[PDB]
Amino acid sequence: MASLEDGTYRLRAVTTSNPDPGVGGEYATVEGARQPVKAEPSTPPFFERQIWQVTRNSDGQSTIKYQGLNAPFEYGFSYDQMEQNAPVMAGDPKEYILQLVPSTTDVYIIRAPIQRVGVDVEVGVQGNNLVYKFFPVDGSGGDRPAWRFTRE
């Protein structure tokens, strides 16, 4: 429930119970067109692959894309068949609902627009891979994966 301006961002993996872990941490990192997106630190082997263009639409859904000089395609966070731990692929950009986490100005839960199915699906991390995490929908959230969007 927030309005992130269109722009270029670095996306840090965080959590609803610990929205600011301190120095270091991990970031959404592209490793190739059509390859799973990774969670990797802001270090030399990875630093230039961690910038994403975020863009909202009329339904209030956003896409999260990668641009890098000569990327041959225009790809971003993508899903097809969503199931628990399925990887977030750098495919044809899909739409997500970015919901602001309370007591935060720039921390967002990245959700798959899928609530009429009856479950909550959010982008999380398993190991060093961004993956889709399933959560039962209730009346109190409670430790959910989240992402700090920092405007470049």
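So that there is no doubt, residue numbering starts at 1 and follows the sequence shown.
Relative to one another, 11-19 and 136-144 have unequal mean CA B-factors, and 136-144 is the one with the higher figure. If you average the C-alpha B-factors over 35-43 and over 106-114, the higher value belongs to 106-114.
In the PDB entry, the Cα temperature factor peaks, among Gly60, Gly124, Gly127, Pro93, at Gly60. Looking at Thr29, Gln84, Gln67, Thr55, the one whose CA carries the top B-factor in the deposited record is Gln67. In this PDB entry, the Cα temperature factor of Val88 sits in the bottom third of its chain's modelled residues, the lowest group.
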